[PDB]
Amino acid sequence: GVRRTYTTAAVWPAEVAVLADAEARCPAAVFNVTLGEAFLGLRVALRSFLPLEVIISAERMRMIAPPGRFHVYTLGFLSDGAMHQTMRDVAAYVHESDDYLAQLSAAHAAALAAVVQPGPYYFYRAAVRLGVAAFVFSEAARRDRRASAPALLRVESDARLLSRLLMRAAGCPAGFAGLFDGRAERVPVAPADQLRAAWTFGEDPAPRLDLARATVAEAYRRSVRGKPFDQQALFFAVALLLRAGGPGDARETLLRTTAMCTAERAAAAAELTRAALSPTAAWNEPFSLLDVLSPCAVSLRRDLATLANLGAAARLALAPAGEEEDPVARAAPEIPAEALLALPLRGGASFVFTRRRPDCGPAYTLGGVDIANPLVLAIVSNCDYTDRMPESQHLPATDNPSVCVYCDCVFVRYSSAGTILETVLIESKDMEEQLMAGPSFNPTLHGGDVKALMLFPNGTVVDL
């Protein structure tokens, strides 16, 4: 028998009125979305796996017979097991909701499963979910084009964001450059979407810098007072500041995102991930993968888990969709891989918490911590042999002479279990005032299992 390749062509039997298309492609993976009037044509393939090609149409093609709203067609070498499955699953996705925002929630949760546990099933499912979300939007938008014009930015930016994260989990450098091409950049931008738009189109950061700085500053002031902040607007502000912040902006930003990523906030991000990845997850409450990534995966708290992939995904997500590729690593290159938590200093230095003490460096071993889960605090400045422990001291003055002594200091709480609970930057005299009083974090409320440190732009003291 002569060795030959067997190639089949399948032609969709109606012409498609094409509205949008996008493709991301490298040797490892391919992902294409084609949108037409009442048409989705989607092709996804991972190297060494069978391609998946799916069509969703509002119309049913004439079938030869013996004498929901949409129709799903699957092209490929699926045996009955995967063929019956794929057809039923893809139809269940498209008919789940006529609301494009609920479809987008499901697309975010499916992309989250793919970043956390990369593999062919989660990659193909998340590619399908993104395509169906864009299709349901396109179908609603088709009807009233003037009313839909403000909602285009959210879908377009998420298509760029989700495709980038999915293509990297598949081993490719880039997601879609654009889906709804030329359309989104022409639409007026609402104030609530300014930071998202600056990220989506890679706009000159200069007119949005004060806005980004104020977003970060205010998010932090709220966090420390126990108030919720806009974590999505925070994500886009951080993205702008790490790409084109003035001197010391990137450093000030990462101190604040670290401070906002409390141990409690980190556990909330892990609980939210679990709830989003649940097979019984419902989209009555909207979900964005930015709700898990911001503040924690854009912070210098590295430790929490079965979701270390989140940090790397968020650092990738931070690059605009219009030197080190990682803007977090770019802002503070001195921070090592073994750092549980870092607090950036002036002069290319940072405080660094680790389990094991550094070699040839000044370090403090922290008192009152379990021997199996220890805490070493070191300063990483670009050889010391001495065994250091932090000096026990009380807080003087307590006088308010319009001079801030504890300004630029970090108040740190740690447990006997060896977890850094809180990391409070004292940025104002107002905060310094609350530190002496009896906000919430620095006044006493918790028992004799929690210790506290004052970290200076020099050395370390144990309070009280």
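All residue numbers refer to positions in the sequence shown, first residue = 1.
According to the record, 1 to 3 deposited residues between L304 and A305 are left without atomic coordinates.
The entry shows a gap from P67 to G68, with 10 or more unmodelled residues of the deposited sequence in between. Higher mean CA temperature factor between 53-61 and 407-415: 407-415, per the PDB entry. Mean CA temperature factor is higher for 329-337 when stretches 329-337 and 105-113 are set side by side in the entry. Residue-level inspection of the entry shows that, of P173, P374, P191, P205, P374 has the top Cα B-factor.
In the PDB entry, the Cα temperature factor peaks, among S48, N400, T423, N32, at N400. Among all modelled residues in its chain, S163 ranks in the lowest third by Cα B-factor. Remark: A28 belongs to the middle third of its chain, ranked by C-alpha B-factor as recorded. The entry lists a Cα temperature factor for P118 that places it in the middle third of the chain's modelled residues.
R256: CA B factor in the lowest third of modelled residues in this chain (values from the PDB entry). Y385 sits in the highest third of its chain by CA B factor, as recorded in the PDB entry.
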